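*Asks:* Structure provided below as structure tokens; questions to follow.
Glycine gets a Cβ as well: all are built from the backbone with ideal geometry, and neighbour counts include every protein chain shown. Numbers and lists here come from the model and the stated rules, or from a named source; these are not laboratory values.
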Amino acid sequence: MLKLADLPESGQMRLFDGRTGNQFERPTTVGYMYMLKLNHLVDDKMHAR
Amino acid sequence: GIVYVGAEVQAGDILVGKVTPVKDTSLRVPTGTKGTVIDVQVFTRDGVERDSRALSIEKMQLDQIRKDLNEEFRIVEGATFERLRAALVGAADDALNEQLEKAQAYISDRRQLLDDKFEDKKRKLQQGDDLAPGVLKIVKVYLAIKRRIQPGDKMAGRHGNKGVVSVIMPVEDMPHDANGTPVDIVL
Amino acid sequence: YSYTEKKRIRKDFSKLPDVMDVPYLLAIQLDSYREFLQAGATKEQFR
Amino acid sequence: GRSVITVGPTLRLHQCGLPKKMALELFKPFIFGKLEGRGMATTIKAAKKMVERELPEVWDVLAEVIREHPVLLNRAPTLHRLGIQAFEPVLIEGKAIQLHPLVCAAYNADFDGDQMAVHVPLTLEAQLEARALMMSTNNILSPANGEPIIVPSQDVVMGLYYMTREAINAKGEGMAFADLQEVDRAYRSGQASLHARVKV
Amino acid sequence: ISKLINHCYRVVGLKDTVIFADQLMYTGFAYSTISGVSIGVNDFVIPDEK
Amino acid sequence: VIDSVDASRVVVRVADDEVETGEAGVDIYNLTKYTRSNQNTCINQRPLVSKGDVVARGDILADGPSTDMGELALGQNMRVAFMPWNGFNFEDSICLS
Amino acid sequence: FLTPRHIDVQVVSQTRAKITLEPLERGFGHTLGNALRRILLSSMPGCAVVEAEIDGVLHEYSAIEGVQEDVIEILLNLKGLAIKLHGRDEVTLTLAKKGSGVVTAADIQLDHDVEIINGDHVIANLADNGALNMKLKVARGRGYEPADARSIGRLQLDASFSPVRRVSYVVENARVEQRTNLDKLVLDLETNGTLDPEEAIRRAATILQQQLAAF
Amino acid sequence: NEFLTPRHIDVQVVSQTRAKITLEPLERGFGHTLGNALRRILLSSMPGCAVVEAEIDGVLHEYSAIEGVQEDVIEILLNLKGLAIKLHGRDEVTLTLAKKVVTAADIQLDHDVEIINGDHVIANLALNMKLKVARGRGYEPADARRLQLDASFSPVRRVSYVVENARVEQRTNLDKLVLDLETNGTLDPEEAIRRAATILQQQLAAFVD
RNA sequence: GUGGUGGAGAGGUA
Ligand SMILES: [Mg+2]
């Protein structure tokens, strides 16, 4: 599917640093991951007396 | 004595107008709580008066119920009327009159059904509540909070990979692809 | 072919054939209470 | 007080991050004392008025009292004296407690949602006890064994190990350098591989 | 790294030891960020003899 | 078939086959708007059907919280990268754009 | 010590475009490319909708009879509008419509100095009884302005004035026939189409020049 | 619109040639921009003069074994790498050293060339040196085009930078810029920063207005 | 010259 998607086969690409602009020497794994946010927000955790 | 619905409320703002002897038992939003009030509810014990807020609330509720049932009557009555007009030729003699009379009878039956249902719902609404003893009238309010994700909030994927968001750095600092596409999350 | 699936179709990577559909999940609770209630009573309701 | 942790990699070992609101809540009597002293507070009602509205003035005095006041930190399961340590707080905008990554090993505290309890010492005696005996810098070696406990953890170890490798055939191998600064200049220029056999 | 830190503490001192620790963390973080080290499915290598 | 749809209510013209003699088209679904869950989270339902759309029995007319037109959608999916970044993802923390 | 003249811009679409700087010193292009990328992604002045008032609504946690969507979707769609301010910074807009249909940016009233890029941007869908009349005040800002940093019934919105969406760049050599030791910079810029890529480059150049002039 | 435009740059002189500069008020994003840009500027493109060629009399090859001096040829070339020379006369010169202790002052010179430190040591007797010095832009190894040797025409021996939070009472999250410099001594580090700034400015003066 | 929380049960976090 990846090679059908015209994406790099190994699922890894060399990225570019967003501050130095220098490409990282080793290709890194990127992609789309289903990320959740749990009911543990700090707004109800920050107590102070 | 009640906040207008749809009012942004900072911390400590008074919400309910309550009077003691003659001090004030007025309710205030707790500190650290700030949002928008979206709904107010008021309930009164049997034998106690209904405040203008409750009167108005019951007003739009009754209006909504009436309009819903009127529309439900409208759709079915239109279907029946057009079905009858289609059965009859372009505008025998006894059959058409019989069908028109039967349609009128069905329309009257549905009208009386819907009206009786409306009176039943109305009567159900006008009743008081079985509030707790010592409680004359009770009032509750709701608030809406838009919790933006901020550093410290716990985030976890699907494979048992938890995490606490450390910082939120600007878009430039994110690692970007040669095409210029930056990533959002750096695990 | 259902209408809801017609709006978006997931490419299923299942190699195995589906031999029977997943049963209704909440039937475990729902059957118990409704059997305890015996709402529909015959001339002799279920003993 | 308490809150969740957050890794602060820009933190020196002796210092730790601190949310603004926790700082102003905890040190409130100190704020009152300073405000009455310098003169923008005459009555305490006015002092409460400014602290509740948070004028830009209150941040100055808040930073001043925080400046040299050590703060006391501990995790929930404290299994040894390193489980509770003193730090020199740094004000940050947020609700999480920034923590020094090296100290997490002592606390055995990962950032998977751990909450970290904070305390402040009041007496000069207590602050001196914190700074001279409980400061994170003071306790480096484990009391169980002389082995250090403020040790590079996963990521910094990875970086160090990656730096200290050798590639058999890498750009710039075999050429020499007069000084370390020359090596840095060559590498940052990108004309020299990070790990190539060289003379210096 | 642990041995080097322990050795430096007993040799150079404590203030310089913590300075070294902070600098070493800074360098390790920086050059780990420079390194494109990442985990992909191709990294796990199954020997053909298995 | 959907007679009309609004953000709060949905009316369905019931099929003549699956209807009694009288009261033929009656399927009112009042969508539950923003309501409080037991964990103080919002609960609301969204229409996912237009006027005149034919629906079969058991189709999903409107979906509630954490649902994306009939599917279960708990969180969100974003472009992620797996690399140590300035030690901000030091132990398990997350660096956020 | 060559420096680029007569900045060349070519257009892919009314949003996507390419910027090239022919004469550059060797190795210097990557530096400028990163600098321009960061500044462009950081601070371009843009105008986005910050306020929205609908006559029949009180708070955006409600729904309107005849309106296919709740208020929050309306304002979210309204957040994706690409508009331009030619004259003054702050302007107020109006959208009113009654009966069935789909409301786009076309339904908004235009103005002398005010103009909208994405007229095809759907905002909401209306039923037969559907009728909305919404009051919009927009402003031209620079960075992401949340509602918190910014009479009931007036609804605040979070503002992200940045008109740029993605920036990419690459460098190649420039055979100027004088020396092949030169290099040429290709800047791939894709925005919301509201601002001229040449204008963006000139603004970024001025900002960077001022930041350096701090020396 | 308007941004943070600092003026209070400060040079804490940690050494005559090693310096420290800071920039307190700055908008959150430009810290990394300016820091990385200036770092690469100082590394890449500062015109300077350095030796690229030498004639080790009696050492036909690089790894020839020489006598009369305790050290070996690699040490000698590492030494003469370190000299900082400003050439006011030309962009090309070949200098001669002949003596039979070696110091940089032992090299003859004309009114054109100038050596920053003739006190720098190279070797010791118990030495006909013909080395060629040229002007250049940055750090260019001889591999990139005794007869040859690496070069660092840039005058800054070492530059590093780091951005930490900048505290403004009502902004409270900004970037402070911190730069350290180490020039070859041929240039004042603060003057070097000025030179780099003028270079970067003269790059885009065509379009700023 | 004055300042306002017991116990049980259940669940959850580290
Ligand atoms: Mg943990």
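*Asks:* Hey, among the residues in region F:60-90 that are more than 12 Å from the chain's Cα centre (by Cα) and surrounded by fewer than 19 Cβ atoms within 10 Å (Cβ to Cβ), which one's nearest to RNA strand I (Cβ to nearest atom)?
*Replies:* F:75
*Asks:* I want to confirm something. Restricting to region B:1-19 and keeping residues that are part of a strand (DSSP E or B) and away from chain G (no Cβ under 11 Å), which single residue is surrounded by the fewest Cβ atoms within 10 Å (Cβ to Cβ)?
*Replies:* B:19
*Asks:* Can you tell which of H:197, H:192 is crowded, with 22+ Cβ neighbours inside 10 Å, within 14 Å of chain G (Cβ to nearest Cβ) and either of a type in the set (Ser, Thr, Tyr) or touching a helix residue (DSSP H, G or I) at 6+ places or on another chain (Cβ under 8 Å) (or both)?
*Replies:* Answer to the check: H:192.
*Asks:* State yes or no: is residue D:79 away from RNA strand I (no atom under 16 Å from the Cβ) and outside any helix (DSSP H, G or I)?
*Replies:* no
*Asks:* Return the pair list, or none, for Cβ contacts closer than 9 Å from residues in region D:42-56 that are among the acidic types (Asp, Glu) to residues that are part of a helix (DSSP H, G or I), at least 6 apart or on different chains.
*Replies:* Pairs that qualify, where the first residue is among the acidic types (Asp, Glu) and the partner is part of a helix (DSSP H, G or I), are D:54/D:20; D:54/D:24.
*Asks:* So is residue G:153 surrounded by 19 or more Cβ atoms within 10 Å (Cβ to Cβ), small (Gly, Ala, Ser) and over 29 Å from residue G:39 (Cα atoms) or not?
*Replies:* So residue G:153 does not fit the description; no.
*Asks:* A follow-up question, please. Can you go through E:16, E:48, E:43 and tell me which one is more than 10 Å from chain D (Cβ to nearest Cβ) and surrounded by 12 or more Cβ atoms within 10 Å (Cβ to Cβ)?
*Replies:* E:16
*Asks:* Same structure again: Given F:93, F:50, which one is among the hydroxyl-bearing types (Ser, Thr, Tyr) and more than 16 Å from RNA strand I (Cβ to nearest atom)?
*Replies:* Checking each option against the conditions leaves just F:50.
*Asks:* Would you check which residues across region F:7-44 are within 23 Å of residue B:143 (Cβ to Cβ), surrounded by 13 or more Cβ atoms within 10 Å (Cβ to Cβ) and at the interface with another protein chain (Cβ under 10 Å from one of its Cβ atoms) and list them?
*Replies:* F:7, F:8, F:31, F:33, F:34, F:35, F:36, F:42, F:44
*Asks:* Are any residues in region D:82-113 among the aromatic types (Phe, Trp, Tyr) and within 16 Å of RNA strand I (Cβ to nearest atom), and if so, which ones?
*Replies:* D:107, D:111
*Asks:* Here is a follow-up. Residue G:39 fails exactly one of the following numbered conditions: (1) in a helix (DSSP H, G or I); (2) more than 14 Å from chain B (Cβ to nearest Cβ); (3) closer than 26 Å to residue H:35 by Cβ. What is the number of that condition?
*Replies:* Every condition holds for residue G:39 apart from (2).
*Asks:* Would you call residue G:200 outside the structural domain of residue G:52 (by CATH) and outside any strand (DSSP E or B)?
*Replies:* Here the answer is yes, as residue G:200 does meet what is asked.
*Asks:* Here are B:155, B:169: which of them is within 16 Å of the ligand (Cβ to nearest atom), within 14 Å of chain D (Cβ to nearest Cβ) and not acidic (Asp, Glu)?
*Replies:* Among B:155, B:169, only B:155 is within 16 Å of the ligand (Cβ to nearest atom), within 14 Å of chain D (Cβ to nearest Cβ) and not acidic (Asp, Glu).
*Asks:* Say we look at region D:6-18 and pick out the residues that are more than 7 Å from every other protein chain (Cβ to nearest Cβ) and assigned to a strand (DSSP E or B); which of these is farthest from residue D:101 (Cα to Cα)?
*Replies:* D:18
*Asks:* Just the residues that are more than 10 Å from every other protein chain (Cβ to nearest Cβ) and surrounded by 15 or more Cβ atoms within 10 Å (Cβ to Cβ), please, taken from region H:73-92.
*Replies:* Matches in region H:73-92: H:73, H:76, H:83, H:84, H:85, H:86, H:87.
*Asks:* State whether the residues of region A:37-45 include one that is within 16 Å of residue B:149 (Cβ to Cβ) and either within 13 Å of chain E (Cβ to nearest Cβ) or of a type in the set (S, T, N, Q) (or both).
*Replies:* yes
*Asks:* Those residues that are basic (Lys, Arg), over 33 Å from the mean Cα position of the chain (by Cα) and under 22 Å from residue B:114 (Cβ atoms), I need them from region B:67-102; list them, please.
*Replies:* B:83, B:102
*Asks:* Might you let me know whether region G:50-59 holds any residue that is β-branched (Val, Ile, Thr), within 30 Å of residue B:40 (Cβ to Cβ) and assigned to a loop (DSSP other than H, G, I, E, B)?
*Replies:* Scanning region G:50-59 turns up at least one residue that is β-branched (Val, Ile, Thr), within 30 Å of residue B:40 (Cβ to Cβ) and assigned to a loop (DSSP other than H, G, I, E, B).
Residue-wise test of (1) closer than 11 Å to residue E:36 by Cα; (2) in contact with a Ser or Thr (Cβ under 6 Å, 6 or more places away or on another chain).
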residue	(1), (2)
A:5	no, no
A:8	no, no
A:12	yes, yes
A:15	yes, yes
A:25	yes, no
A:34	no, no
A:40	no, no
A:44	no, no
A:49	no, no
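*Asks:* Does any residue of region D:112-127 turn out to be more than 16 Å from the ligand (Cβ to nearest atom) and within 14 Å of chain E (Cβ to nearest Cβ)?
*Replies:* For region D:112-127, residues more than 16 Å from the ligand (Cβ to nearest atom) and within 14 Å of chain E (Cβ to nearest Cβ): absent.
*Asks:* Hey, among the residues in region D:143-154 that are surrounded by 16 or more Cβ atoms within 10 Å (Cβ to Cβ) and away from the ligand (no atom under 16 Å from the Cβ), which one's nearest to residue D:20 (Cα to Cα)?
*Replies:* Once the filter is applied, the top-ranked residue is D:150.
*Asks:* Within region F:41-97, track down each residue that is within 20 Å of residue B:147 (Cα to Cα), aliphatic (A, V, I, L, M) and not in a strand (DSSP E or B).
*Replies:* F:73, F:74
*Asks:* For region B:151-163, how many residues meet the condition of being surrounded by fewer than 21 Cβ atoms within 10 Å (Cβ to Cβ) and of a type in the set (A, V, I, L, M)?
*Replies:* Result for region B:151-163: 1.
*Asks:* Only one of D:116, D:50, D:134 is surrounded by 14 or more Cβ atoms within 10 Å (Cβ to Cβ) and within 16 Å of RNA strand I (Cβ to nearest atom); which?
*Replies:* Being surrounded by 14 or more Cβ atoms within 10 Å (Cβ to Cβ) and within 16 Å of RNA strand I (Cβ to nearest atom) holds for just one of D:116, D:50, D:134, which is D:116.
*Asks:* Name the residue that is nearest to the other protein chains (Cβ to nearest Cβ), counting only residues in region D:53-67 that are surrounded by fewer than 13 Cβ atoms within 10 Å (Cβ to Cβ) and under 16 Å from residue D:92 (Cα atoms).
*Replies:* D:56
*Asks:* Among the residues of region A:10-49, which ones are within 16 Å of the ligand (Cβ to nearest atom) and among the charged types (D, E, K, R)?
*Replies:* Correct list: A:45 only.
Residue by residue, here is whether (1) outside any loop (DSSP other than H, G, I, E, B); (2) exposed (fewer than 12 other Cβ atoms within 10 Å of the Cβ) holds:
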site: B:97; (1), (2): yes, yes
site: B:105; (1), (2): yes, yes
site: B:119; (1), (2): yes, yes
site: B:124; (1), (2): yes, yes
site: B:132; (1), (2): no, yes
site: B:149; (1), (2): no, no
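*Asks:* List the residue pairs whose Cβ atoms are under 6 Å apart, where the first residue sits in region D:111-125 and is closer than 30 Å to residue F:95 by Cβ, the second is small (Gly, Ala, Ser) and within 16 Å of the ligand (Cβ to nearest atom), and the two are 6 or more positions apart or on different chains.
*Replies:* So the pair list comes out as D:111/F:93.
*Asks:* Give the number of residues within region G:20-36 that are assigned to a loop (DSSP other than H, G, I, E, B) and either touching a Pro at 6+ places or on another chain (Cβ under 7 Å) or crowded, with 24+ Cβ neighbours inside 10 Å (or both).
*Replies:* Within region G:20-36, residues that are assigned to a loop (DSSP other than H, G, I, E, B) and either touching a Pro at 6+ places or on another chain (Cβ under 7 Å) or crowded, with 24+ Cβ neighbours inside 10 Å (or both) number 3.
*Asks:* Out of region D:72-111, which residues are within 14 Å of chain B (Cβ to nearest Cβ) and within 16 Å of the ligand (Cβ to nearest atom)?
*Replies:* The answer is D:96, D:97, D:99, D:101, D:104, D:109, D:110, D:111.
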